[PDB]
Structures are given as C-alpha cells and as structure tokens.
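I have placed the structure first, in the form of structure tokens, so that the comments after it can refer back to it.
The letters A, B, C and D name the chains in turn, as written, and every chain counts its residues from 1.
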Amino acid sequence: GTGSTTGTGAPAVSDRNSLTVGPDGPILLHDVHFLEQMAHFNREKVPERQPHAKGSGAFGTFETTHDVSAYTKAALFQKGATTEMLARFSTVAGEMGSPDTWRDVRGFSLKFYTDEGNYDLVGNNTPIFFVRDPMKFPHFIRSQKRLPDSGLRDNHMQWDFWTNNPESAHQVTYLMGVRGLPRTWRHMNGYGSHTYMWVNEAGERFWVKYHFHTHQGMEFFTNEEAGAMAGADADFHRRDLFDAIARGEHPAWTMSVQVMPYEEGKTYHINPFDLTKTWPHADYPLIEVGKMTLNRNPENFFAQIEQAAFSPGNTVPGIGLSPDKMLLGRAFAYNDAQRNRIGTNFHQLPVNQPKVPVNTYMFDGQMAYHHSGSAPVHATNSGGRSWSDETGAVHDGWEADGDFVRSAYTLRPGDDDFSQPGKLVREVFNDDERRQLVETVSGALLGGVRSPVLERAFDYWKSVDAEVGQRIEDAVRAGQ
Amino acid sequence: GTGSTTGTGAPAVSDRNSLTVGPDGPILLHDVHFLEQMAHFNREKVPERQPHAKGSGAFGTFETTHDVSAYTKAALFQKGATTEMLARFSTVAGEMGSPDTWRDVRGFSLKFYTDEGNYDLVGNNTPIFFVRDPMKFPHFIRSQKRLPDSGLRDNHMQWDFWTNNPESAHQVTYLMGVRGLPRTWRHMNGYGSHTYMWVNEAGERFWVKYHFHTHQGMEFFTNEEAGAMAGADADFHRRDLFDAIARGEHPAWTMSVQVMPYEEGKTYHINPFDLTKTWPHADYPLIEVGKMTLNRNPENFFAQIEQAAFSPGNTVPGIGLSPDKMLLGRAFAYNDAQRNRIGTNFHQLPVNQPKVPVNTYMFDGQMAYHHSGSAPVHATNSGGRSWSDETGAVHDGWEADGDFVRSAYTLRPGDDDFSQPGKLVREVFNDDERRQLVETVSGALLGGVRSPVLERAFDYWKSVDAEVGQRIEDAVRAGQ
Amino acid sequence: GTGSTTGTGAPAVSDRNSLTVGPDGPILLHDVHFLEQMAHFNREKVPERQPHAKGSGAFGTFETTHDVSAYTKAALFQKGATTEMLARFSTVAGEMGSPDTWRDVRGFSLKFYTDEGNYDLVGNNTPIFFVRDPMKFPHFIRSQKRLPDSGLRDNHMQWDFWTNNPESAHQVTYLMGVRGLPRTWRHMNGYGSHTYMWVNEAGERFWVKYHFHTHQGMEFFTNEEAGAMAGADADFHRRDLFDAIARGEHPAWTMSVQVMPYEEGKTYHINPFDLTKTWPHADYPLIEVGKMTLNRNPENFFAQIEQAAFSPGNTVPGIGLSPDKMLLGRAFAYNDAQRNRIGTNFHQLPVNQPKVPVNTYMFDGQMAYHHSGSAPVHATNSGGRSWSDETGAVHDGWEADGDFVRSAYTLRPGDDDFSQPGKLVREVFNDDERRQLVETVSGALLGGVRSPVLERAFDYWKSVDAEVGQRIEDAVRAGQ
Amino acid sequence: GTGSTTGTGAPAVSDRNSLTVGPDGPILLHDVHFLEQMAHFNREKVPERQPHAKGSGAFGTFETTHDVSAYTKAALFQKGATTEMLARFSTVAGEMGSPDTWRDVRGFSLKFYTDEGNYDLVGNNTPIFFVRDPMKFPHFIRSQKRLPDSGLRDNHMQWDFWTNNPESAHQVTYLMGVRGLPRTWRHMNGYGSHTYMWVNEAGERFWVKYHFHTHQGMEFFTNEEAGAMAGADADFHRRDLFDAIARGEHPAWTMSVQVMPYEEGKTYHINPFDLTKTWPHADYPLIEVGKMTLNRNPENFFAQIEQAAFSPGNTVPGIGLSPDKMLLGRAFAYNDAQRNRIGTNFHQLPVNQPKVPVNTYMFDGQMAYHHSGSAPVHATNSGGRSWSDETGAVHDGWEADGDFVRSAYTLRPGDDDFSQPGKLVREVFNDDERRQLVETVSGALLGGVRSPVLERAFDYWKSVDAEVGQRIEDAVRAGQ
C-alpha cells in the first residue's frame, strides 16, 4: 500500500495532491479519493445539543456503599454494586465554541451501564430550575439565546422573561449567587433537581431527591476572574477535567438522597413536585448511597462524548418519574432531539449501547449497523421471539383524576415564588455572598435592560429580599 | 425481564398496551417505550435508490480459473484467487414496490471483497447504454419515470427523449428485443458495458470489456407472460433467486474479458469508449477469467441488500477507468447519492466494510460507529500515523490534450447511431425475434405516443432497419 | 442566455454535454453545472410514507348543506360554509411503485383549508380497524410488509398476527369481503372510523362518527380482475381519478355523521371508543352534513401530493379527539413521521400552509423559508407579540380517573371480537358475497400459511360464522 | 383566537401550560400543541459551516464607477451598474459560539444579485492562503481544530502541519503579523486571493486579482487587547457591524483589480496561479472598479445570514475560474457542503434566490417549495420548455495537456516558499510590527509546542528571515 487507504481499503495514492492533467493542469472529476475525503470533511459537523451544546466528560464508576434496599430494588443501588458510568458536564446557553466560564447553570449528566439496562440521571449543578411547566421551556431557552435580528445575546430579553415568570426567582437567585461561576466541574455539586420515584421489592413507593456532593470542595470564580478566563482559555473546564484525570487526580462525589414516603407527598406543606422548590434538610435529611468517581478520559471526544445520548426517560426497575410536569415533558424531548441530532439509530452507537442483551422491536432505519437477522418482526409471533405483555398497574406509576386542563399547580400552604430564595439570600448567604450578589445583578441589569423591564426587575429583587433589592436598585441608579 | 426490552436494555413491560390513566383512560406522554417504538417505526423507511430502486441479491464467491496476469496485476484476478462477493440485481425505472417483470434494463452489480480493498463492478444485463454523456443521464432517467402533474409513466415522454437522442438506438433495440424480459436473474447475462483499464505488473495498460455468461442459460418471458406475472407475483425475480439458493441450486456465471492493447484504442475504427458501441467478437475474442457463484442468501434484506453501496469509482490496483465520459460521471455520482440515501458514514456499515485494514483520513460525521481513537487527524503529522504521498503519473491514468469544451466525441470511420442495432436486428435476431420486436415496439408506440413524436419514432426504426421499421409503422397504423 | 440556467440564474451553457479537456477528453471537476444537476438528481427521491406510500389525490371543495350547529360550532360545518380541500387516496401496505389494485384498506385523507385553520380528517374506506391499542400498530404494519430475510410479503406472517389478535376479526372480514377491492377511488366510501368529539357554541359535547357516501356508487373488482389489472396497469386508480377530473367528471361524496350525546358514551352497551366496533344505524341514524366534490387535479404531483402532510391531531375549534386510544396515538405519530419524511419545516410548504394568519412560536430549523423577522422569540414578552394563555378545562376535553396501567379496555355487555363480523357475514352479505368471501379467504390461506397458524385461522373464521368457517376450511383442504 | 396559533393556524390555547389530567396531573400524549412546539424547538439547530462557522453580515450595494469593459463583459462590472449584495464576515477555525477576536483569517464573502445571475466572490482578509492543493485543505483545517481525544485546540498540532508544509510560510507570516487581529470587520481589507479569469465581449481573456480596500482605514487589536475582548464580548465584531449600520455609519470598500493578459500567465516569473503568491504591485498596478457599501442589517439573522450559501463556482458570463488547483477544488466543495448543512433545495431559500428568472432542470427533493408545474422534466423535449446546447470551447475556459498525475506545480524562476514572506517581514513591516511578530510567534510556540516540532519551527522562521527567526528562538528559550 501507499501509507493510507480510501474507505474501501484500496490504496489512497496521495493525501497531498489531487489528480490533474499534467502538474499544472486542472483537477479531474474522477479523483474518487479527493471526492470521498472532501465530501466526508464537508459532513464532519453535526447539529450541537440544544441546550447544553458546550460540554465534556469522562468515564468512571459508581459504587453503592450503603443499604437503601428499604427504598429501591434498583440493581445499581444495591449495597456493594459497582457500575461503569459516563458523565458529561456542560453549560446551558452558549454554543459549542462558547467559553466554559460564562455565568450559567451547569449540566451534570450521568449514564450508568447497569445490569438491568442503561440508567440516565440527567442533572444540573442546582437543585431547582426556572419554570414549572415544560411548555415554557422553549420560551425560556430562546430568551437565553440570541436576538432574532442581530444574533446577539441580550440581558433585556432575559430579564423580560424572568420578571414575567416570577416562579423563576429561586433559580435566578441561586444562579446570580456564587454558584453561577464554578471554578471547575470537579468543584461543583450535582443534583437530580426533580423528585423521582423509588420502588422497593415489596412495591412500596418513595419520592426521592438526588444530591451529589463534591469531594474536592466547592470553589468559584468571581465575575472578574471568570471574564478574564473566558478570554485566556475558552476551554478551561474541559482542560481542567481532562488534565486532572490524565495525572491520576480522579474526582469523586458522594451521592445521597432525600426520601419521602409516597403518602407524605399528598400532604407535605410544600409542593414536592414543584421544580422551583427544595425540600428543607430538617424535614428530609440526606441519606448516603454511594460514591461516584471519574477515572478515565475519552479516547475519542466526538464518538464518545459528542454522540452520547442521555434521557431522563431511561429509567430502570426500581426507579420511576413523578408528578413534576417538567420531568414528564423531558421524558419525550430528549430522544426526539437525538433522532435528529445523531440519527434514527443513535441507540446503536457504542457509547449508547447497554451492557445487557437487547430484544427490542425496532427495525431498519438509516444507518442500521445492527439487525436481528431473520428473527420475527412482530410481537405475538409463532416464530420463537419473545415479547412483553404485562397487564394492569405498572410498579412505578401513580394515579390521576380530573378534567383535561391547562393550569398551574394547586398551591399548598407553604408555596409561593419568593420565600425559598428569600431564605437563601438572608439565611444561607453570608455578607460576602450578598455583596457579590448585588454586584452581579446590578451588572446584569446595567447591561442593556430597558424600561419597563428594568423597573419590574427592581420589584422582583425586592420581592426576594427588601434590603438586597434596594441595594441592587441603588447600584443600578448609581451606574446610570 | 418481561420478554423484551427498550433500546437501553431495560424491560419493555408491554409490546401490546400503552400507558393510560385507568384501562379506559388517555395515553400519557411519559410512555417512553411507546414513544421510542413508534418514533423508530416512523423512521424505518429510507430513500430508495435512484435509479435501480427495486432489486435483491445474494452473497457468493468469485474464483479466477485462468491466467490473465499478462494483462492485470489485480489481486482478485490472479489465477487461483478466491474472493467473497455480493451481487445485487435490479430493474432501472420502477420504485421499490414495482413488479419485477416489467420490460427494463436489469442491473448486475457486484462487490468483491478483495485482499487489496473492495472492488465494485457495477454492470447491467446489456453491453451498451442509451446515452454517451453523463449530463444527459438525469434527463434520460426522468423521461423513464412519471409525468410531473399526473404521476403516471408515459410512453410519449420516453419516445420523445429516445427519438431526440438517436445515440439511444442500439440499446433501445436490445431492450425492445427478447432480452428486455429476462425470465429470472439466473437466466440473464451481465456486462460491464464500459471499457475499463487493466494494468499489469510492468505497468502496461489494456482496455477491457467484462462479460458474464449465465451457466443456467438465457430464458425470457413474452410480453403477455411478463404482464401476467406482474399481476400474479410482483416479486417473482426476488423470490426465484432466494428460493433457488435456499434449495441449493446455486447460480453461476463465467466471467470473460475482451482485451485491447492501450495503443490500439487510438486507432480502432469504432470508438472503443463510446458506451453505445460493442466491440465485434471477431476483432476481440472473449478470454475466460473465472467463475462467479451465488451461494448464500442475506440474513437481513434491509441491512445487507438495501444498505449495500456500490460505486464504479471503487477500483483496486491493476484496474482503472477509461475515457468513456459516462464512466467518469459515474465515478462521482454513486458516493454522492449514498451520502444522502444511507448517510455520511455509509462506508462503516458491515456490508460496505472491506476485509482489509482501513487507514483513511475521514473523521466524525453523523452516526460515527468506528473512530481512530487518539490517532493524528492530519497527514504530515509527527504522531506516528502514516499517509500516502505518491507523486507523478498514476499507474491507471491516461492523457489528455485540448481546450475546455462541451462537445460530442470525435466520430471515427466506423461510428454512427444505427449500424450496430441494424446488425443486431438483421443478423443476430432470427425471424421469431424480429416478429416479437415488431409486436413489442408497435405495442409501446400504441400506448399513447402522439404526433410529432410518433412519426419521428417511425423514422427511427426505419433507420435501424428499413423492413422492420415499415412493419412497425404498419402494425401501429393497423392498431389505430 | 443559452436556453436554461443553473440554480443561481446564470446560463447553463449545456444540458447535454459535460466540460472536458478536448472533445474526447476527461471531465473536469469544476463543471459546476454538471455537479449541481447530478447532485440534485441524486436527491430527488425522499422517504415514502409508512404506511400508505402508494397514493394520489386532487383538490376540491366541501359545502355544508345542512344545519348541524346544534352539535358543532366548527366554522367549516356551519350551514352554507364552503371550504377548499385536498384529498389523498392510498393503499396501506405496498411501497410507492406497488400496484393500485391489490387487496388492502384504502386511505381517504382530507385536508380542509378552513377559516379557523387547517382541519385534517384522515380516514379510511372502512369504519373500523384491526387493533385497539396503538402499541400494536407497528407490529401489525410490519406483519403486512416483508419478511426480514427474503424481502417477500408473507401470508403466514399476516395470519399469524391476525389470529393472535382476534380483535382484528371485524376488519379482516370487511377487508376479505368485496370492499377489499374497490374498482376506483371514486366508487368507494370513506369513514373517519374513530369516534371524534363535536362541541357546540354552548360547550355541549357530542361523540360523532363521520361517513362519506360516494355519489358514483360502490363498485368492485373480483380477485381475478384485480390481479389482471395489477399486471396491465399498476397505476389504474391514480389514472382513473386524474382522467375523470380532467374530462370534467368530478367525483362527489355526501358527508353524514352519527351523533351520540356525551353522557350516552358512558352507558351505551357497545364501547363507543373501540375502533373495532361500528355503531348500529338503528341506534344512531346518519345525519346529513354536506357535499365533498373533487374538481381540480394537482399541477405538480410531487410538490402537492407527495409532500402533503395530514394529521388527525390537526383539529379546529368545535372538534376534538376521543377516548379511542388509537386516535390518541395517531395524534403523536403523524407529525413525528413528517419531520423525518419531509423536514423540520414541512408546515411551511405551500400545500401544508393554512389560508389564515399564523402566529406560532416556531423558529429556525433546516430549510426555513418563512421567518418572523425581528419579532420577539418568546411568549410573555414586552415586545408586542401576542401569545396564548387560556387556563382551566379545554372545550374539547373529557376526564379520566385511575392508576397508571397497561390494560385492555373494560368490556361492556355488547362487546366481543366476533359478533359484529358475524352480522356482517350472515345479515349484510348476500350469497354471492359469501361465496366470494370463501374464495378470497381460502385463496389467502392456501398462499403459504403453515401449521399451527393455519388451524388457528380455521378456528378464527368459525368464530366469525360456523358455516362460512367450515366452507373455508373445506376449500383449503380441497386445495391442498 | 387565543393570541397565537399552531402551525395549522388553529388557536394554540396556551403557550404556557401543557394539557394534563387535572391541575396536578400528568401530561397527555395528545397535547398536539406541546408536541409541535417542543419537536420544532428540538430541531432549531442546524450544522454550522465548516470552516467559517462564526460570522455575521449585512446587505448593501455595489456600484461600478470606472470602465473595465476592456477586460470583462460581466454585467455587474459595466460602468454605472448598481447591484444589490450580501456580505458575510467570519473567522475560520472557531465554532459558532467562539469569540470574534481570536487570531485567525477572516472571511470576506460576497454575493451579488446581478442581472445575469448571482455572482459569489468568496474572499478572505488576506491575498494568499496556506496551501496549494485542495487535497491538503481538510488536513489543514483539522490541524486548526481540536485534538481527537481531549477536544482542545493545540498549538503543537498547528505547527506540526505548518512546519511540514512550508508553502504555508507566506500566509502564516501575514496571520502572525498585525492583520491577524482586525479591530472590526469595517477596518480590514478583503481579497479574492485566487487568480480569476475575466473575459471581454470579444472573447479575450485576462487573469485578475480582486482587492477590496476599506474606506474606514485598517485598525488592529494587540494580542492583549484581543484576549481581553474575547472575555468581555465574544460577539464584538458582530455587534460592531450591526450597531454601525443601525446608526447610519455605513462601511464601504473600494474594489480594484490587478489585470494580467492571458498570454503573460504562461511566462511570468512567479506562478500566477499559486495561492501562496501575491503579484507585485509594481508589475501589476491596481485598477479601480467600484464601491461596495453595506447599508442594511438583516431582519432575521438565521434565515438570511445563517442560511446564506456562497460558492466560488457561482460565476456569471465574463468571469471564470483559473488554473489555481485550490480554486477548482472549491468549485466542488461549497455546494456539496450546503446540500448537507442547509438541504437539497437550499437554492430555493429567499436569500439564495437570484433576481432573474430560473429555468433549471432540478426537480423534487426534500422540502421543495417551488416547482415547475406540469412543465417537461427533460431537455430535448417536444413540450415547449427550452434547454441549453452550446457546443465547443467555452468562453471562460483555458487548455491542458499531459498525463494524469498527482504532482506539485512546476516551479518558475521566481518561485519558492520563503521569499515573499521575507519581503513582508523585512520591507513591508516596520520595527513595531517586527516586534509584535516576535512576541506573537514566540507566544504561540510557548503554548505547548514540543520537540521535534519546536526546533522545526525555529528553522521555519529563520528561513523567513534570519534575524527575526533568531529573535523568536531567543524569546522562546527565554520563556522556557
């Protein structure tokens, strides 16, 4: 051979010169190698994720160290179970070339390759989110992206959405605090955010929240430092993770759950299924489950990280979803996006395959790498291929009763938009954090927010906390 | 488990009932299994080939039984070489549901999995074709498909194109003869049609034609029988091949070449590179090469036959293309179609992979199943990955000299549109075949061909042969 | 200019000859016109529909001639309303090249371009269907397509599915009767099949069934005649419709509904929402609504018929869906398929556009022809773009109560699999139809159905009717 | 209506709440509006360009102010002709979220909507480029992107490619100089870079180079300032252009050509077709043509800028390509990329349409918005649709003669890799620019370039200029 091949394994002849009529002559159409190489180059790029385009990740293990079999029969969470996993970390709004150290929510997405199928826990570095109904999510995300005429991101539009959707106040307070700028992914926490269901061997159900506490400690950038890093190294977080693992400094997290019995879900004074609400640690203490460690870098970023497909719909026996409407919307959206972003057969790619046998009634489609040979193509066949036919109530379901409506959740006695961020600002933050909050928010509002949105923003922050709100308004008036 | 899985390997729970609020209630959005199954079902279908949508095939072997090393160094054609192969047979114009036994050219497409890469010989059941320049091919194919308003195939349009492009007369005569209706694919011949180049170890070049003679004998349907079969069994040819191989009746062909030394290409009195011309057997006798046998049915029609990608550009050392402009156009077109029909990474699918190592500078793209890990991504790297850099004349090239033109080929003394089909009609056909020709052509012309095309058609057939032409005109006038 | 252009409007120079180095020379890569023409040719074909690939259609009008405002406020069904419409007719199982006159269900899909949006009524030429839960639909359709190894359709697989799913007996009886072979689309009826909801101005709800009775009369082919036509003219139905309209023989149908008050849905002795059940005409008589006439052929089959996108989810005020689980599954599936088959922005294509203004929060995507300029990209904006925010019960909803289950419908006193087809066979069919039924079914069962499916089929037909069942079994034993 | 619609024009009902079973209940599958909105959101993103993903643009006019009819008959370049145009500016290597103010080549891509078709002049802010054969372009671009394992950009890989391809020295010197960091797009020049052909009414041919000189003056950032801006405003250039035009500060450029008669192309002592070479202004002075002004911002960035498709193959009468092999490779590559990035029918999108009538033989394809009705689908039709059939030499062609080779260009007496950048460094740069060059290059080489590439880089810079090379080596050794 000549040192390289075409896609058919024939000699390439040259990777440096095209086929021409004489050394100074024109290129010939039948330079097959040139055409193949250039056409493939022209198709190297694929749609990025929407949202969470900019991200990176690593492989690792999960080890369940404590006994939670009272609450779940899920195989990966039985004491002593070790499971291989993949993690991807990301920002939300920026595109795939955007700086890592912008102020944003960070994704914390996990795929566990369990003995009963792949389980995805697609979390964030925050326990809450901005909105309560998935119909609002495209609107929220577009408000965080670019203006339709100029292609510029816009503070005015962001605050327009947030102030018109005051359910956002809890997450906006968390985001505008110090946790909006994690120094590295190794120095941030992860959360499931939503309530999920755990189901034990007896079929008893629990509402759970997942918490992932970093063993490396929480660390932050200030606004100034993050801005400087965005200019110095747009890939600071990606580099940090890859370099840490490459030198054997394997980051770890402890996973712990809050656990609420099924029946208490009905009566708790805060809506347990409202994604804008945390569960007070005094009412529901953390119960330790196990240890997540990341210890292996990808060998191929594109094939293993870019093409990884996670979905909260990918539950395993012992785990279910919950009445959080946002979670139910996510159950649809992820696979739908992946069929477009990756392809019809994205589940067949190595990173997305489970470690257990698959017998699923999916056939054909573009780029079908795997097939079931001559096996029957339909359930209720007489040809020897099994199918599933469980009837009646599912183990991980609940119940519903009502007219078909488009409505907000029923408010419980403890439910409102501003009490939980008020507590964050007054009781959890210290004085240094309150100072940084005022400097962050006033900075954002001075970045082009106009009337009448600007005045609505003052009122929003005064609703969170009268003092801090007045300080923000003063800093903005001063800066004008 | 429950008898089947999702794509993540988790239990499916049911392949028969959707998740609802009570047994009579509505379906819930978070029925992930339902969504996955239905969305994949919605994407099972892919674009069919254009042309040659309707087809089937089988795997087999090629054994080179004679010594042709005087003419080619190609590994698969060295005496004693055995090579695994794939064949696909097809019609040209009909869509994927169309009857097998319509009058049409049949494709005879071969992929040889050689020790120096995959070699594709994408032939037809005819030694010639309808046009001489690839710019005309889309026009020809559209004339053979459906009218733009009604969606109906139309004899008028077909004859409009053919009579305006009298270069078509040779192939149209072959097609309207008995060979237009092969009884099965096992009972038809195959040809390369084009002149190809063979190159021996010393670098001497030959112009070759490939011929594949059926060991089962030539057999035909009449117009009436083929029409009846189109109604009784639209998949007659596909069934015939699959059933023959399944009962151990393995079809075979002998491959033989005509061989013309490079220099004789310049002086031969017929243009050797004109796809509308055969080479007289008296001037260039057949030289036997080897035996093609098909002996294994596909295990999965979609994955192995529907997704097979052949290209005449897929040559191997010892074989090249030729000055036939049609062949040079094909070198571009096939891979271009496959990137759309199958996907960017179609070369990675099992049926399309070679049996030899691949080191090619293609990266990423949608549905990338295989990757080169951390290997260098560019040629002239210092990272240990080889590349190709042969300079100067390629072993399988020729030469050119001229202004850039859009022009017909230079006519040689023996070149014209009507002499070779005249000989077919007068000397090769017997009286029974001439009778069937007249009944075929008059039938086609009575199927809706209008003035002024109808009169041009009479003249076309009189140009092929004055007598037969007059008989066709009489049969049409009688039928009117 | 030269007589034609490139896609940029520059002169094409030639549509007949490629750019070469001299008249006998090779083709140059920079023949842009050749590349553009050939690459577009290579992408002319698109995925066909699954199912209902083979079809055609026409434009027309709907005129509401009677007063049904007591039952619906829908604008197109107010007395005197005329609405432009599109109809597409089709078979179910065959691919886009398959003969029109195969035994099959026919689609009867209508799009009404109303003053309150496009309303699609995607019906069939039958009032019932084969299965009751949409999870079974992909399985059913695959059983009606091709075997995975050979690519052949298979009676064994079809009867395997049907006999394992005896809910199918009503539709299988209708299909195997004379209506399985309509002579033309103009000579067949259409039905909504499902129960839909109508809602009047006061907000009172009715369950309705749609019926479309041909003004041309019902006409059929026998098995023998349909088979012969499949061989003589694979496009017989398409040609028939196009030619009828072209000569001014405009086909018409009368639309009439059956109307059941909301509350009677709860108590009727047959499940009104079971797609395998008709509503007896004695209990619910037909109420005339209006006249459908088709009076205009497409000008471009591909652009107007092939790219037409219908969805039962496309309701308009005054019309809703129903507790039929099959209908709820369809509400998801059609748009999902269309995003793949046509594209992200299929709703922007002319045939799919409404005749009323659109203000929808959809942005960007591949091939975005229309855009909203600089308008706000999110709801709850302060930028002057309106959004929708109706809260509470929707006018076209119902109610549900229960645990989350995967279960069959609750059987009502009149519900079973075999009573309605029994009545069809014994009371509706005459002796000639019973004879044709026995000859149809025995023919199908002799076409390769094997034990143990063949014996299950005898029992199935005996369950429909003991006599006819015994006659089928005798005809099969005789034919063996 | 309710304030907004679905894609069918029916009322949306809500853009804020999904359809659920009671206010606290689960989401129903048949929430069509939710599905449509979310599925479209999931498909908003498309593949970015490769390269030149990050960019923006504006509309304007071109006015030809001088008489160049002695050299070209092209309609847009006749004296007094005004033409609407679109410009897009971009970086090369970064993705769509990447900072505008990275060191890079800038694209300067123009589309002129002329009276004889759309003419694209796809230039850069440099008159030269890095490589001479298009086979090397994918390799070059990948060396400028990310490592395959870590996903990080890498100086080592960049210098590995450049030092192994010393033809790169001219452009690398230009890029590492002050012009690598334009302060805004309004303050940079544009060039065609390649030699193009101009053809006058008599058919006489000229080799031309295009030059676009900014009326705003050349302005730069230092390394430090550009880095700071990357952190402060990743969209600085996009914002600058949009804001300038919005306040009526319309940027302008003067276009001038260098003009070489056809015959001098053969004998000039520098290869006129080598993309790494400029033509000395003393030998070929600039001849003024006209004025480019940008005076209108996009109304929709996605629809008008993101989906704009430019190709150097889009020539118009009076303009042709040239023997630059890089240009001939580009003639293929752009449309090929656009069929994937945008779609089969990208030429139909408003921004890509010409202002003149189109009669082109392209049909169907996904998302076909425009069609030719019932018009004939093939050239040489008797149906009244014209086609093109010019034969013989094309007006904008040249000639070739030789064997088929893969070879570098023949070196002319003045040709080498290092003389032109030597002159740039010694004669054009001043002392301040030489200082910045040394600080730029040493900075790049200290950013992770390893042996043996680092030593090859010292030699490369010493080949450009012995002194400056020694200064770079000293700065690197000092920094180590």
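Everything that follows uses one rule, which is that a contact is a pair of C-beta atoms (placed from the backbone, for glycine too) under 8 Å apart; a residue touches a chain by one contact, two chains touch by 3 or more.
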item	value
Recurring contact interface, reference A-D, options B-C, C-D or B-D [over half identical by residue number]	B-C
For chain B paired with chain C, centre-to-centre distance based on mean C-alpha positions, whole Å	35
Geometric centre distance via CA averages, chain C-chain A, whole Å	39
Chain A and chain B, separation of their C-alpha mean positions in angstrom	48
Residues of chain C touching at least two other chains	13-17, 19, 21, 25-30, 34-35, 37, 39, 41, 43-46, 136, 138-139, 147-149, 299-300, 302, 328-329, 332, 336, 339-340, 344, 361, 363, 371-374, 379-380, 390-391, 394, 397, 399-408
Chain-level touch network, classified as line, ring, star, complete or other	complete
Chain pairs that touch, as defined at the top of this document	A-B, A-C, A-D, B-C, B-D, C-D
Touch list for chain B against partner chain D, complex	21, 25-31, 34, 136, 138-140, 142-143, 145, 147-149, 157, 160-161, 164-165, 336, 339-340, 344, 361, 363, 371-383, 390-394, 397-408, 452-453
Chain A partner contacts - residues on chain B that touch it in the complex	1-17, 19, 21, 26, 28-30, 32, 35-37, 39-41, 43-46, 116-120, 299-300, 302-303, 306-307, 311, 313-317, 321, 327-329, 331-332, 335-336, 339, 342-350, 354-369, 371-374, 379-380, 386-391, 394, 397, 399-400, 404
In the complex with chain B, residue positions of chain C that touch it	13-28, 34-35, 37-39, 41-50, 53-54, 56, 94-99, 133-139, 141, 146-153, 227-232, 234-235, 238-239, 242, 273, 297-302, 305, 323, 325, 328-329, 332-333, 336-337, 340-341, 400-410
